[PDB]
Each structure stands twice: as C-alpha cells, then as structure tokens.
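Encoded as structure tokens, the following chain is the form deposited in one PDB entry, with no partner shown.
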C-alpha cells in the first residue's frame, strides 16, 4: 500500500491481517457492470444499494440485513455490502448470508490490500469488489485488478480526483466509481464530480458514488454518461426512497 495517515493507515494494516475464509462458492458470477449496461438499454435507472452499519463520517444504523437485501432485490441493480469490521461494522458472514439469499449482483465493499481478500469475496458469493486507487500503489492496483479478473470479476475502481483518474485510465479500468469522498481526510467534494465524469471515455462503466437525492439529478448525470448510482446512507435510513428514485 501507499503512505497513509490516521484511521486509513490503521484500517490498511488491519486489513493485511484479515483472516481468509474457506467457504466454497455455490453459484456463478452474476456480473454487476454487465447488468448495469442491461439496465441502461431497458432505460431502467441502475442503483447499487449499499448496506452500511457504521462509518467514520456517518451515522450508525442497526437493521436486519436479510430484510434489507430481499427488499432491495426488487429495485436495485446490485448490492454493495460493507465487510470492513472495525470502522464499518461489517462482516464476511453478513455478505455470505446476503449472497445466498438474493440473486442480483453483489459487490464487496472493503479495503483490499492482499489477494486472499479477493479469494474471500469470490468464496463468499460476491460478484465483484471495489479497489481504491488511493490505498494501493499503481503496481498493486494493477496486480489485484487482474487477480480479480482471473475470477471473472470486473472490479469497481474508486477515484476521488484527477490524480486518481490518470492512474485508473493508464491501467485500463473498465468499471470506475466516481466518489465524492476522500477516505483519508473524510472530506466530501461533489463539485469535481461532473468534471471527472466528463473525462472518462464512453467505453467505461461509470458509477456515481455520492448521496444522490432526487430524480432530476439522476436524469442529469445520466445524460452526462453516468451508468449507475451507489446509494447508501439515505437508503439505510429510509429504504423505500429507492422507489421514488427509479420511477
């Protein structure tokens, strides 16, 4: 990993010692990026609904993961499921139980710094993983990228700014998350978002990873080439909001 400060450095070091799982995968990859493209052609708003109990910058939420997942299954293009333990109060078991309960694509949301974490995601039933440009050296980023690919996963590669983007494009990310959040400082910046979206080639599947709040905004971004939308905290508080966003 790169040089990091504060909680991010702590979560990286901790992630390096994450115990691997020996579960076996009992179902093919249902590709997230391909379903998003499917939804785009049928003109269905593609939302990746996120299950997140806790985070350093947000509010704690206790709720039944299975009820949440089964509800979202009706509406979302996929699910994002936090497996980071210390800061996000996630679990491998939650992902495992969720993935066996639904048949839409699942994305494991964690801090992936070693190969066996990608083994965990596959073995647990996840269909893809997120990789952070910020936490990995460019070399680590590309090795884990291809490691993901060897399982048949196209990873969501997260960028926050143009420095991250130059890297993601150089190495040929086909599936990119434009996040308004810098993980290290925890600062949120939505104004760079559209400028960044404008710089991505039309062949990459683009995810807007921010608190999208209304249909008008979704329609605008959609005209700008955003393919899908990752929504977490607002759905964690009021799940049925997803219905109004899609109509």
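Positions refer to the first chain, counted from 1. Take the two forms, superpose them, and find the largest set of C-alpha atoms that agree within 1.5 Å; that set is the rigid core.
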- Note on the structure: As the entry reports it, the stretch among 234-242 and 8-16 with higher mean C-alpha B factor is 8-16
- What stretch has the higher average Cα B-factor here, 61-69 or 214-222? 214-222
- Just grab whichever of 199, 178, 48, 32 has the top CA B-factor as deposited. 199
- Item | Among modelled residues of the same chain, the CA temperature factor third for residue 100 | highest
- Task: Consider only the C-alpha atoms of the modelled residues in this chain, order them by B-factor as the entry records it, and name the third containing residue 36: lowest, middle or highest.
- Result: lowest
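Quick note: we don't show the form deposited in another entry, though the next part is all about it.
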- Message: Can you tell which residue in 212, 29, 204, 196 has its CA shifted by 2 Å or more between the shown form and the other one when the core is superposed?
- Response: 212
